[PDB]
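Asker: This one's experimental. Sequence and coordinates below.
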Amino acid sequence: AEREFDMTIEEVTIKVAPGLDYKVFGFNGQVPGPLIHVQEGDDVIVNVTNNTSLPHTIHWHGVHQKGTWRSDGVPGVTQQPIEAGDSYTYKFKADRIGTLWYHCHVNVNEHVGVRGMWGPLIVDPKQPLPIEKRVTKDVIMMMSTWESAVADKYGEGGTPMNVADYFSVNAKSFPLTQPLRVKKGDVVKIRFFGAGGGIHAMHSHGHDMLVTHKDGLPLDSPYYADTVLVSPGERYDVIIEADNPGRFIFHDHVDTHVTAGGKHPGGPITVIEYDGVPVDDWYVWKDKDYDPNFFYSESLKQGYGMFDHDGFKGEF
Amino acid sequence: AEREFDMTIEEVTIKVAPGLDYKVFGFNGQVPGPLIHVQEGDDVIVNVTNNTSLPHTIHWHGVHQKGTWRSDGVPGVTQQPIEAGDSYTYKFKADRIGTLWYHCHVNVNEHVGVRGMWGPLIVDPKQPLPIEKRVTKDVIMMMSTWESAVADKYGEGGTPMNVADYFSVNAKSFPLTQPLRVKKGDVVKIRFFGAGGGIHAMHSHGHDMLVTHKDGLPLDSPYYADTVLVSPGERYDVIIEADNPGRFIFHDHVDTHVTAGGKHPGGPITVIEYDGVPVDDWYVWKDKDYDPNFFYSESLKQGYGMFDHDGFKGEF
Amino acid sequence: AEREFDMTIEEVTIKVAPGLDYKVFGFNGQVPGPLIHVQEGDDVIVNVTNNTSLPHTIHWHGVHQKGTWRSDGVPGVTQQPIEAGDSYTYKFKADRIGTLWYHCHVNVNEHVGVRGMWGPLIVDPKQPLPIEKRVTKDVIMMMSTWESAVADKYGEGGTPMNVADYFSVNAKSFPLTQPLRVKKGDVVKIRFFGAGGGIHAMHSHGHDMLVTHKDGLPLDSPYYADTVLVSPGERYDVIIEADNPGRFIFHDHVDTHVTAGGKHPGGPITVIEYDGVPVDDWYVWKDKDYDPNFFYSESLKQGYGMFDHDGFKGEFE
Ligand SMILES: [Cl-]
Ligand SMILES: [Cu+2]
Ligand SMILES: [Cu+2]
Ligand SMILES: [Cu+2]
Ligand SMILES: [Cu+2]
Ligand SMILES: [Cu+2]
Ligand SMILES: [Cu+2]
Ligand SMILES: [Cu+2]
Ligand SMILES: [Cu+2]
Ligand SMILES: [Cu+2]
Ligand SMILES: [Cu+2]
Ligand SMILES: [Cu+2]
Ligand SMILES: [Cu+2]
Ligand SMILES: [O-]
Ligand SMILES: [O-]
Ligand SMILES: [O-]
Ligand SMILES: [O]
Ligand SMILES: [O]
Ligand SMILES: [O]
């Protein structure tokens, strides 16, 4: 089918960590950008309006651009950039299946590295794996890093001379991340994204992960892991059988990554929280103000389209 | 069978490199911590006493904690910390096979990152692979990194603002490591662990490695490699057929890691030494005071339980 | 067959990026070093003369040195170093197939990390994969990093204390790299090497890569990827079917790696340029002064032997 979406680029401020508000260029004013969910073979049309002060593009990572290379989104190579105030339309056929993503391709070290210019693009195979058939919950985790020294000033950041001192999943640092709430018997698909410039060793306590897809394509030889290394650009899809009730932390195992501005704990940390496990008095997330769509799992149930999430919106 | 043992946590000092003594929090006062070797299905009981001035826990990485999540060792999630001077008992069933490990889960960026709070946990499968049946020598290699500036300073370190300037295997930097001594026809299992916060590209001269396990689970499709990338939290098991006598260095190929405080050589370097190869007067290790258990290879031969090793003990 | 080569080690200066000239120890005065291309089972003889002021060796990474360990090239382990002005001869049988490489094994954090002491060693299998037979273009991409503070000073660099602020493929930083020119129907083998001390996430726009070999040995279970992580010492071989005409950038996806001295763009970036696509006036590489051998693809067609390339040569003092 033909699916047409309108996107903006906005200058907004987001709260990444306690102690760290960050100036970003949010797609539709949010970080992660809106979930785009379509079916294998669809014709996609995205009209982009640049409501910021600087030029951008959108590149569709993993999208072949079969017969549409002029929509690849690379300045100086497939198009001239989208300037401030201007608009531009992308058209492509979603013939590549799986977990894809989209991001700015202007000044990528800064725009993608620390200005949040990215979001998920999920293409459903017309014919999914048997394994995907059993899935009861779909989960998106986009990891990135932040440089506090340049949080308020567009135009700097993302070089080897900068210090990345805050780490996140879906643009929040623990304890501002949210738990992954499951019930016994759930079949959980988790899609990891190396959205920023760091490497993330994602480790699930209490469970092994079945690695089923690399960069959205199904592996002929899936393998189990308790720790999955995710590096810039990559995606890994895993399956977790939620058959082991408890509270099980789920986090980046890169030691410096579980800090925030030098202080521990912080970073890409969540907790697999099983329904019905009694909450202890000392539980860090006792009485959490809970967001069931922090990993886009509600949005992912709503069919094809473009989904904003107010939990990800920034302030003007 | 039920395996019960007693572990303490001690403030001790170890020598990591010539010129670098390091204050660590050693399990049973040693780094690497004691080897725990059990069989698949064993019931494990660990009585832990914190004889240090700071709180810790012990998390059993790879252990599912099926119906025992309260033994997962995560402060604020599965337990309150073990305070200075107190004791805590962990109980779990070793139903997950393979190369596992354990480490503190309090202040992990420092404690695991630079204070040595880790050790190996090997669970023997009921049904080993055929190649595992042929193994004549079993080898543990736990890689980590060190920040010389905080060598004397508990409560500091393991942040992006620190500099990791020393590198090791089993808490020694070359030349203070030990050779891997083999004889022609040996079948060598090597287990690599990403114990600290760094990434290590483990490369065997003179030989290809067959990669057989990821995080302790057997791959359906094992593959050969001469260089295996090991990142924090991960384990890789390989097999080397010792069929090429010579002296063949075996080391981290990450260029900066074969240094020690800016000097070369150092870091995670050993040498596969074959019996009967004549020794040149210029061979760097011709007069080595040899420790046959530097890779726990002897301990691994002595039954099921917990094993200390005097060569890893620190000074009070 | 017996194949004998004479190699030198020279002090030269290479241009890594606009405004970054770098002092290196180039094999045959070039970085990447010369392509060595032999057949499985050949007996290789390499006579090395050190024309620089410092000691070196050559280690043959991936070469088993079966019964020839004393040619492994490691100082203090298998030999004494090759001192300034001296020579040394390596002999080994190429019985290990695939994408191998060679590099100095003295002071490696500096010599391999920033002095360009490395080059590719390709061993053709007697029995290549079926897919390898469809290949119409073979491509070598050797990634490394550079520390500008020590560009002019042999004897320093390659430590945790240093800052790697420039990045390259085959020792050039975009825009001084060259495009990968194909035509529709091409079958492209690319061989990625982690020559330096950095990690590189190589991403092909417009195409998936079929990953077929790890460290030169064929995988029983090849897999597709659009992003392949390459870390020091490793090689990956992939296949790209060139069936999607466009201009498709191909680059290290590690964000800080697409910079040069703190500026963007730069780093390990090329463009897959399909012959049939009309060139726009704003295209960054319109009228590029083109080197068709930037990825050794012409040398790789020219038979067994050792091949220099002037596009990689630096300047003598
Ligand atoms: Cl064409
Ligand atoms: Cu942008
Ligand atoms: Cu991308
Ligand atoms: Cu892309
Ligand atoms: Cu953990
Ligand atoms: Cu601790
Ligand atoms: Cu762990
Ligand atoms: Cu764990
Ligand atoms: Cu080596
Ligand atoms: Cu050298
Ligand atoms: Cu090497
Ligand atoms: Cu080697
Ligand atoms: Cu790109
Ligand atoms: O952990
Ligand atoms: O090496
Ligand atoms: O990208
Ligand atoms: O990309
Ligand atoms: O863990
Ligand atoms: O090597």
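Answerer: That came in fine, so what should we check first? Residues are numbered from 1 along each chain as shown, chains lettered A, B, ... in the order given. Ligands and ions are numbered 1, 2, ... in the order given.

Asker: Around ligand 2, pick out the residues from the stretch 51-200 of chain A.
Answerer: Residues of the stretch 51-200 of chain A found near ligand 2 (C-beta under 5 Å from the ion) are A:56, A:104, A:106, A:111, A:117. (Each C-beta comes from the backbone N, C-alpha and C, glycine too.)

Asker: Could you count how many residues lie near the residue nearest to the second one when sequence neighbours are not counted?
Answerer: Closest residue to residue A:104 apart from its sequence neighbours, by C-beta to C-beta, 6 or more residues apart in numbering or on different chains: residue A:117 at 3.6 Å. For residue A:117, the count of nearby residues is 29 (other C-beta atoms under 10 Å in any protein chain shown).

Asker: can you pull the contacts of the closest residue to ligand 19 within the stretch 51-200 of chain A?
Answerer: Of all residues in the stretch 51-200 of chain A, residue A:199 sits closest to ligand 19, at 22.7 Å by C-beta to the nearest ligand atom. The contact partners of residue A:199, by C-beta atoms under 8 Å, 6 or more residues apart in numbering or on different chains, come to A:229, A:230, A:231, A:232, A:254, B:199, B:231, C:199.

Asker: Can you name the residues bridging to the first one?
Answerer: Note on residue A:229: beta-bridge partners by DSSP bridges are residue A:201.

Asker: Tell me who's in contact with the closest residue to ligand 17 within the stretch 51-200 of chain A.
Answerer: Nearest to ligand 17, among the residues of the stretch 51-200 of chain A, is residue A:61, at 4.3 Å (C-beta to the nearest ligand atom). The neighbours of residue A:61, taking C-beta under 8 Å, 6+ apart as the test, are A:100, A:101, A:102, A:103, A:121, A:233, C:203, C:226.

Asker: Who is the third one paired with across the strands?
Answerer: Right, the one you point to is residue A:102. residue A:60, residue A:119.

Asker: What are the buried residues along the helix or strand encompassing residue A:99?
Answerer: Element membership of residue A:99, judged by DSSP states H and E, is strand A:98-103. Neighbour-count burial for strand A:98-103, counted by 16 or more other C-beta atoms under 10 Å in any protein chain shown, picks out A:98, A:99, A:100, A:101, A:102, A:103.

Asker: In chain A, where's the longest strand?
Answerer: strand A:2-17 (DSSP state E).

Asker: what's the angle between it and strand A:98-103?
Answerer: Put simply, strand A:2-17 runs at 70 degrees to strand A:98-103, going by axes from the mean of the first three to the mean of the last three C-alpha atoms, to 10 degrees.

Asker: So which other helices or strands are in contact with strand A:2-17?
Answerer: Secondary-structure packing of strand A:2-17 (3 or more C-beta pairs under 8 Å, 6 or more residues apart in numbering or on different chains; DSSP states H and E): strand A:20-27, strand A:43-51, strand A:166-169, strand A:305-307.

Asker: tell me what the second one is packed against?
Answerer: Applying 3+ C-beta pairs under 8 Å, 6+ apart, one finds that strand A:43-51 makes contact with strand A:2-17, strand A:35-39, strand A:87-93.

Asker: How far away from the center of its chain is that strand?
Answerer: 19 Å (C-alpha atoms, centre = their mean, to the nearest Å).

Asker: Please, which helix or strand holds the most centrally placed residue in chain A?
Answerer: Geometric centre of chain A, nearest residue: residue A:142, 2.8 Å, by C-alpha atoms, centre = their mean. Assessed by DSSP H and E, residue A:142 sits inside strand A:137-146.

Asker: Tell me which other helices or strands that strand touches.
Answerer: strand A:118-124, strand A:166-169, strand A:187-194, strand A:200-204.

Asker: any idea which of these is most buried?
Answerer: Of the helices and strands packed on strand A:137-146, the one with the most neighbours on average (mean count of other C-beta atoms under 10 Å in any protein chain shown) is strand A:166-169, at a mean of 29.
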